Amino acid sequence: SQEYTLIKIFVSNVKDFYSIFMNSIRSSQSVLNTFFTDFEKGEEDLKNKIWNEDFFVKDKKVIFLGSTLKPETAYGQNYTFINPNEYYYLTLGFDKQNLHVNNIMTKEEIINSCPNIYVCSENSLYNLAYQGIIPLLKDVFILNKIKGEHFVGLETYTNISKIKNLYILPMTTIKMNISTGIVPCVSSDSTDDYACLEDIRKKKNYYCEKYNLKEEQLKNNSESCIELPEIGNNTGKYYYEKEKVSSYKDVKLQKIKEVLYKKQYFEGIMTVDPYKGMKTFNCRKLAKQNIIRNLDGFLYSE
């Protein structure tokens, strides 16, 4: 039973997010002339309140729930990865989980009580509920279901990242049965992240042609948070090259990923505030605590 740190990845351009949202409403209404929980006759006031620019600009914070097993590297996040071929769900939830219980609630109570719109995979929904992060309907209030491709190019940030222009990028190897299906990209400290970004950079004509991406969005630096003695830092790149990884879909990445994970854990030294010189082994725990204590994220198990 694996424990993940979910990090709150905030959308910068919430008005663009509102456009995406209403485009999805309109296309789902057209196909069905399973995308969003239907509104009953006397719930028109609720619909008018949600399908409304104010809902996304003033009333609620829009948050992708990014899953990491290396929360100590959050400072170095340069992108946010999503599976472009899969559906993601939008639902209302709480800024604090139970760890900070019955949260069965009417539609109107959820609208009045839940400050955040979360974006996450179907897989995570019940686990989120069970942990007190989202409520259940008196059975999950789904605002929309949107294919990951339509979010590609959106600007995001966290309260931990050094830079605040973390564009959503496509990563088709994200497994939809693991956590939230959204992954912080730390290309300095993770070889699969490096591999994916490097494939996008290298085939930038394919990517900028296929998604709402422009070349100039592909140049974000990732600040390395972890040095291995003898290797130095930017170990994601070091192992990518040492092992001659062919692509981000290379079947040997799975092994490389797990070897690097353990090695960083047992031998790494932190290179960023507030952990400079401390061992990764100790910082992994402090980082989870700080994130959870600052309301920047959650502990998640499934």
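All residue numbers are counted from 1 along the displayed sequence.
- Per the record, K164 and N165 are directly connected, with no deposited-sequence residue omitted between them.
- Count the deposited residues lacking coordinates between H100 and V101 and you get 4 to 9 of them.
- For the segment pair 34-42 and 47-55, the entry gives 34-42 the higher mean B-factor, averaged over Cα atoms.
- A summary of the deposited B-factors shows that, of 126-134 and 193-201, the stretch with the larger mean C-alpha value is 126-134.
- When the C-alpha B-factors of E149, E216, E227, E223 are read from the PDB record, the largest value belongs to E216.
- Ranking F81, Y211, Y75, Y88 by the C-alpha B-factor listed in the PDB entry places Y211 at the top.
- Among all modelled residues in this chain, the alpha-carbon of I231 has a temperature factor (C-alpha) in the highest third.
- Sort the modelled residues of the chain by CA B factor and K252 lands in the highest third.
- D95 sits in the highest third of its chain by CA B factor, as recorded in the PDB entry.
- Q29: CA B factor lies in the highest third for its chain, per the PDB record.
- For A287, the recorded CA temperature factor ranks within the middle third of the chain's modelled residues.
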